[PDB]
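Chains as they are written, first to last, in the deposited numbering: chain C, 63 to 208; chain L, 603 to 676; chain R, 84 to 157; chain Z, 63 to 204; chain H, 2 to 734; chain Y, 78 to 235; chain X, 1 to 81. Where a beta carbon is used, it is the ideal one built from N, C-alpha and C, also for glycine. Here is the structure we will look at.
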Amino acid sequence: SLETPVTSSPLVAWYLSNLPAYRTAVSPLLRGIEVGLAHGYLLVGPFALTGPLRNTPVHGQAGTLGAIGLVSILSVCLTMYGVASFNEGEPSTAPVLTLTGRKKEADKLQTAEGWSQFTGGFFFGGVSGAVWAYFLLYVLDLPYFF
Amino acid sequence: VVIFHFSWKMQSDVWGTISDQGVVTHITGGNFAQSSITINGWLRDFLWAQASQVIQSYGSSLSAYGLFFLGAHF
Amino acid sequence: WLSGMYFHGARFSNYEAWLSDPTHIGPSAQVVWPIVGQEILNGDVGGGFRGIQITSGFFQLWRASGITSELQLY
Amino acid sequence: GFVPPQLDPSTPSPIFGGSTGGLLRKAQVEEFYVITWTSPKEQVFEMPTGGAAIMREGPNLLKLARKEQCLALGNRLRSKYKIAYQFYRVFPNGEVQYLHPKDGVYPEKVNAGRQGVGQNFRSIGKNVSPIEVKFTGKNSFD
Amino acid sequence: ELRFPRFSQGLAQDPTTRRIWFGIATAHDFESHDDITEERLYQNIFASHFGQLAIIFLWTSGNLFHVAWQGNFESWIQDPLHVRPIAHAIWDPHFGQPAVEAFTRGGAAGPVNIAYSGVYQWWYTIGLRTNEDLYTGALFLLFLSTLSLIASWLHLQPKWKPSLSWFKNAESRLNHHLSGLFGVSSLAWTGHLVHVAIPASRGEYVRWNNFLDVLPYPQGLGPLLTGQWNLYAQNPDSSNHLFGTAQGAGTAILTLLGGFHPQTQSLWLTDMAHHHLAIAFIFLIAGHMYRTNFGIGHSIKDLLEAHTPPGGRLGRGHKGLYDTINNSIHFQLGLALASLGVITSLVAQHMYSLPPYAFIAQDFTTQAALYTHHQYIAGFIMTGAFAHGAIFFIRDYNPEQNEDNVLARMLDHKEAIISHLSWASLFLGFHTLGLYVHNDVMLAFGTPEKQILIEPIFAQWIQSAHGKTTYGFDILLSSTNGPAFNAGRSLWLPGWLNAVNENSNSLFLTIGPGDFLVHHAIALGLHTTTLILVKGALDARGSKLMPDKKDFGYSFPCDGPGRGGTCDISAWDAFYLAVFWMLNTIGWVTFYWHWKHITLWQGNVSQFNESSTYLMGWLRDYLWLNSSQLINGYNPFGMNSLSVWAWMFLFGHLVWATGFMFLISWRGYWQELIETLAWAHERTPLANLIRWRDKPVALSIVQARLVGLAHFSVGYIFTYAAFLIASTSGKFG
Amino acid sequence: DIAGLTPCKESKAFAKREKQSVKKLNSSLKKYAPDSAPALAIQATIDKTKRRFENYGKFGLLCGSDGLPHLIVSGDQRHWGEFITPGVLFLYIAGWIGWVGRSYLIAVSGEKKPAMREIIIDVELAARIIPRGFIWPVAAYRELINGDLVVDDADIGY
Amino acid sequence: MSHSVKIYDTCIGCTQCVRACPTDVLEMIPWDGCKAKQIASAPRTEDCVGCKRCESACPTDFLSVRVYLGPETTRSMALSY
Ligand code: CLA
Ligand SMILES: CC1=C(/C=C/C(C)=C/C=C/C(C)=C/C=C/C=C(C)/C=C/C=C(C)/C=C/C2=C(C)CCCC2(C)C)C(C)(C)CCC1
Ligand SMILES: CC1=C(/C=C/C(C)=C\C=C\C(C)=C\C=C\C=C(C)/C=C/C=C(C)/C=C/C2=C(C)CCCC2(C)C)C(C)(C)CCC1
Ligand code: SF4
Ligand code: SF4
Ligand code: SF4
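What follows is the structure in structure tokens.
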């Protein structure tokens, strides 16, 4: 295989290894809720500002509830993918070898029950992130443009 | 699509006639910026409308341009 | 091909009349034989001429190069 | 059958930068292939899945995804430089299987010892109509 | 099986995604499943028929209920010519205020669209009057659907599983159907015509309460017992009649007139009553031919045996056909599809000539929609017929059980048949295209008199014989010496002639040269589509290109690129290549009919007759102009009621185009592209964690052909349907 | 008068079409010199279409309700100068061509590789075979009489 | 067993298929039914990819080796991913 500076470099491997989807030294549920709150803070912006009620004083709650609904749909999709692909007592399929070659313990994140914890965490985190973006966009809302 | 765009843009923003006083009345009336943004518009404003002169062309000098308009399709 | 073009400009065009005033005289450089009813093809192009109107755009060139005489085309 | 396999060892690989024609998830989960040959001299040859690379002296070892590519490269090596070769299959359990010659002599020519798997001793027109065999497992060509 | 699908083990071992695809196409199929036998196949057929009937019944129940809950029937009675119908209420959370504006029409309290399916004239002709009637009918139909599903369940348990013998008992089945399903049904329909329908039209509300006392006649039930049956035709309704009440209405309940009711511009009720009372007894008698359990009657095998023209010009003749038909379903299905397609075409061709329902020949939109609907359905069924015939040849035809019989006698000279069909196609095509191009040119120069214009003299004489007078031929039924006319002048000819000679009606349209040319083009389409299908049928067993094709099953990709290349050689591929021409021919027919009627309604048939003989005339007067009301459905200045159609119109001209994407670009391209995409998604961070379950693989070749044809058909139907509705809704004339 | 179609020796819409055509032609004519060769050809076409209208008003052409000729192919030889005689003439021509081609091919079949003479015609043999057209009705006739026109069970190869 | 190969006694033992078999399926075996005393054989139909190039070569009357199609698998589909 080819190894360009993109796919192989100190800083890029460092960054990708630091984000929650690969730091196996944390419980999978916590990585799930972290990515969930990340995407929750993420999606509220355009959905609210450019929604079909933007010219209305309700556009805030509208966009936020829409974001929450999308988060719920995607959590449903996550659970469905997990129950489809992950069996309930069978082993894991996560990369158990690092770059050097340290034989890694099978990532509990890549297990049926682990994927379930991940899904629940992601859903709760998305809800929290959406409501937090709402409370920070329509109460304490001076230094922004919207 | 490039040549269609060119034809419409020219006949809607550049080409046309100039009055004695200096008022411009373009060949198509300058409806590009308000009817190029709907495919249904492309049908109505440009494709259908500006296809008249080829279809009434029978019994005139331009009648040859009419005949091909069918064989081309055929 | 170039020779055929220049010939048809020489012996079968209204090029001199077109040079007289090019504002409202349609460049025509092709006539059709009156055999099968296609006389209508030789439509009205102005300048006392009848012929299939052209759009090749040779006439602007022949006016740029100062041809201005059928002997030169010939 | 005095035609034993050779139990493909771990010998050096051809000199090649490594590129986007290598193995994928499939090779790491289901199966892959390894072709092996001895070379007469360091020359240049186009790999099946992109570009060209050089071989070394002695035995070689190339890995690939599907058997078709291995056999295509082997036919190229047999028609371009007149050298013999084998290729082996591998399973993630650790098994190794010996596939192509099955005796050492090419399947191109006759070598008694091979069985007769899949013959029908009748011309093609003698096959029967599906109605005569419907609602059964059998088919006309069986 | 260990996984979906449960009917074919061979598929379940396909880790490629095409599994799911072929896990849908080959579900209803029964031969190809694993561990399937004869009687099981028949019981499955039975359950499936019950399911289909359940579906149909739920569909019609929904129709009735929706009209009853949001329709207009009740207040539509009061003026069937100034209040548009209503289909169902709109609830669309994507509208803007002007949308809600331009949809609340016909006198409703919200956005509603206009019911065009003609269900109002149907439910009004029989005589229904109130929403409560529709509620009762909907409840009855829903209960019937539930009952049919109950049957679909019951007949798949023991103590009720019918043995294959019971299915094979063809004589008893046929006698039952021709006796009960046809005869008694017609008699019951005459009953509903003569106990509710006619008195209702005469203003007497009879229902499931009062029909015990009201007689269908002042002294009925005893004039027929008297034997002098004329007492049932004494007093019919007068020709100055109010279809809603008994003004000028008589007391006769069975007549024979032959004319059109003046007000309703349709058929009298008594005509249909008499016709059905006739057909009932016709079928009832006809259904007593075939021996079932009493030694009397006939054995169909005896009939098919006893036929052999002396001298053996047919050879062994029909010997053995009985078994090679009663042993294969696909033959029966081919016959059924053929006959059903023909009678559907017939229904289409008559329902615009003799308007059956009261006040239907006025809502022109409805007439055009119904005609086009029925014609396209007939075309599709006709294609399916030859498809399943070729399937019968591929799968169930036995050679030795049919030695020298007429069936095996067909195959021996398939070449002559295919050649002659190709000859008819070439002749019709060449000459119909020549004449068109000649007329086109001779008008392009300004000489409309030099054109070629043939007179449809044959059809004109036929019309003359039927009774048309404007041609002045003075032939049968137009002359007073012919025995027929002189024996008809007292039975039907008054009203029949009053109708056919009249012009404002739709029966027996005058015809000029354009109609001749269009009829010839239609015959071209017919013959060439027949050629495609028959070639697919006869050459299915095998030609010199692949004589052993009969061992490859019905639908296969191909037989290799060598020996000349063998793309599109399956008989499935023949049906494929025929569907195109089927759509084309039906489109031509509907074009002709729609232009003719859209000229007749505006009273300017002259324009049709003048400028319908040169193709540019069709592209100008028929498409260009008549589409101008549509393409301006929505513009930057707002929208209109026509919006949907305009939108839908474009939708067509899109889906159709997408079909091309599948008919041109074949697999290998997309296969390599999927390879690249797979590597990409595999080596991408944050996504390599998410794995796939079915290896992505581009669709198969026959699957391609199929989905491409589906796209083509969907676009080519949506486009023309939306245009046909809009062009006559924007004008209603 | 078949179905009421009067001949435009007597109808009116024909005269109206003729009048309008010659009128637009004449109005076009008055934009040049009365002697210019284009104007001369214009007047020539004017009189040509005029005499065309005249000829049509000479041969019993039953004529539509809109001012257009309309053929009568019903079989009555009264109006036969449209289909019957031109039909049999074209049938004669087509039989000519078919028979001459068939005879050429049957002749040249007897060679080493007839394809070389099917791509590159034996123009000498072609010239001495071609004018036989005057025999195509009768000759083929005798063929069918002697059964030397068709075959029974020889299908492939030859 | 995914696809299926069949060989018929019109085999003239010319050995074009094997030379053109892409994935080492066929071979020859000693027979007595032609001059070359050799007939085809398909003991390796697993790796039978399904391309007709084999029977696109057999220069016999109609054919002598047929390639009947059947269900699919991971190797009968040229999958590499
Ligand atoms: C003189 C040669 C000749 C003759 C006698 C025939 C005779 C026939 N052809 Mg035919 N054909 C020919 C040449 C000929 N063909 C050629 C060259 C072609 C390829 C373009 C075809 C293509 C063709 C098709 C596709 C079909 C026929 C069919 C038929 C039969 C019905 C007539 C028809 O539909 O034709 C229609 C007329 C034509 C197709 C025009 C072809 C005639 C060519 C132009 C004449 C060639 C003359 C020669 C090459 C020039 C050399 C002159 C000389 C000095 C050597 C009939 C047996 C049909 C059939 O099967 O009927 C059962 C049918 O479907 N033919
Ligand atoms: C493939 C196949 C198939 C199918 C086939 C088909 C599909 C066919 C069709 C066919 C058809 C589709 C036919 C049609 C026919 C028609 C007809 C036959 C008609 C008739 C008519 C008549 C007879 C009429 C008469 C009359 C007149 C003329 C008018 C007046 C009245 C009267 C009545 C007198 C099957 C499955 C079997 C199998 C084998 C193969
Ligand atoms: C413009 C163009 C061009 C060209 C073109 C050309 C050169 C041509 C075309 C052409 C065409 C586009 C054509 C079309 C056609 C169509 C059709 C449709 C046709 C038809 C025909 C016919 C129909 C015929 C018939 C006949 C005759 C006459 C002879 C023989 C016999 C018969 C009868 C068959 C160029 C390159 C410059 C540039 C680009 C574009
Ligand atoms: S296209 Fe389909 S059929 Fe034609 S060659 Fe390629 S594969 Fe064989
Ligand atoms: S399919 Fe035909 S070609 Fe491909 S391998 Fe099997 S035999 Fe050789
Ligand atoms: S099929 Fe053709 S190639 Fe294969 S063995 Fe028989 S002869 Fe040799």
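| Check | Outcome |
| --- | --- |
| For ligand 4, residues whose Cβ lies under 5 Å from any non-hydrogen atom | 559(H), 562(H), 568(H) |
| Distance CB(residue 65(X))-CB(residue 12(X)) smaller than 7 Å | no |
| Close-in-space but distant-in-sequence residues of the same chain around residue 615(H) (CB under 7 Å, 5 per side omitted) | 440, 441, 444 |
| First through last residue of the alpha helix (DSSP H) which encompasses residue 131(H) | Note, residue 131(H): premise wrong, no alpha helix (DSSP H); not H, not E. |
| Residue 82(X) versus residue 411(H): straight-line alpha-carbon distance, rounded | The requested residue 82(X) does not occur in the structure, where chain X is confined to residues 1 to 81. |
| Pair within 7 Å by beta-carbon distance, residue 156(H) and residue 47(H) | yes |
| Closer than 6 Å: residue 124(H) CB and nearest ligand 1 heavy atom | no |
| Check whether residue 668(H) and residue 699(H) have beta carbons under 7 Å apart | yes |
| Neighbourhood of residue 655(L) by C-beta, 8 Å cutoff - its chain only, sequence neighbours within 5 removed | 664 |
| Cβ-heavy atom distance, residue 58(X) to ligand 5, below 6 Å | no |
| Residues near residue 656(H) in its chain [Cβ-Cβ closer than 7 Å; skip 5 each side] | 712, 715, 716, 719 |
| Residue of 244(H), 393(H), 269(H) minimising C-alpha distance to residue 497(H) | 269(H) |
| Inter-stretch contact (C-beta, 8 Å, three-pair minimum) for the region 722-733 of chain H and the region 92-111 of chain Y | no |
| N-terminal and C-terminal residue of the alpha helix (DSSP H) that residue 374(H) is part of | 365-396 |
| Alpha helix (DSSP H) segments (min. 4 residues) lying fully within the region 633-701 of chain H | 644-665, 668-683 |
| Residue 309(H) to residue 573(H) span [Cα, whole Å] | 35 Å |
| Inter-stretch contact at 8 Å, needing at least 3 Cβ pairs: the region 622-641 of chain H / the region 106-117 of chain Y | no |
| beta-carbon residue 501(H) near ligand 3 non-hydrogen atom, thresh 6 Å | no |
| Interface positions of the region 501-523 of chain H facing chain L (Cβ-Cβ less than 9 Å), listed along the chain | none |
| Under 7 Å between C-beta atoms of residue 77(X) and residue 17(H) | yes |
| Cβ-Cβ distance between residue 83(H) and residue 71(H) below 7 Å | no |
| Rounded separation between residue 640(L) and residue 610(L) - CA only | 14 Å |
| Span of the alpha helix (DSSP H) around residue 121(Y) | 114-133 |
| Cα-Cα separation between residue 466(H) and residue 459(H), rounded to whole angstroms | 11 Å |
| Residue 444(H) Cβ short of 6 Å to ligand 3 heavy atom set | no |
| Positions along the region 77-102 of chain C whose CB lies within less than 7 Å of some CB in chain H | 78, 83 |
| Under 9 Å (Cβ pairs) to chain A, residues found in the region 110-142 of chain R | In summary, chain A is missing from the structure at hand, where the protein chains are C, L, R, Z, H, Y and X. |
| Test item: CB-CB of residue 253(H) and residue 236(H) under 7 Å | yes |
| Contacts of residue 585(H) in chain L (Cβ-Cβ under 9 Å) | Neighbours of residue 585(H) on chain L: none; closest Cβ ~14 Å, over 9 Å. |
| Interface flag, residue 445(H) vs chain L, CB-CB below 7 Å | yes |
| Simplified DSSP state of residue 142(C), which is helix, strand or coil | helix |
| Residues, ordered as in the chain, of the region 39-57 of chain X that lie near chain Z by beta-carbon distance below 9 Å | 39, 40, 41, 42, 43, 44, 45, 47, 49 |
| Length of the line joining the Cα atoms of residue 23(H) and residue 12(H) | 8 Å |
| Status (buried if at least 16 other CB within 10 Å, exposed otherwise) for residue 165(C) | exposed |
| Contact check, residue 57(X) vs residue 17(X), beta carbons under 7 Å | yes |
| Contact check, residue 187(H) vs residue 277(H), beta carbons under 7 Å | yes |
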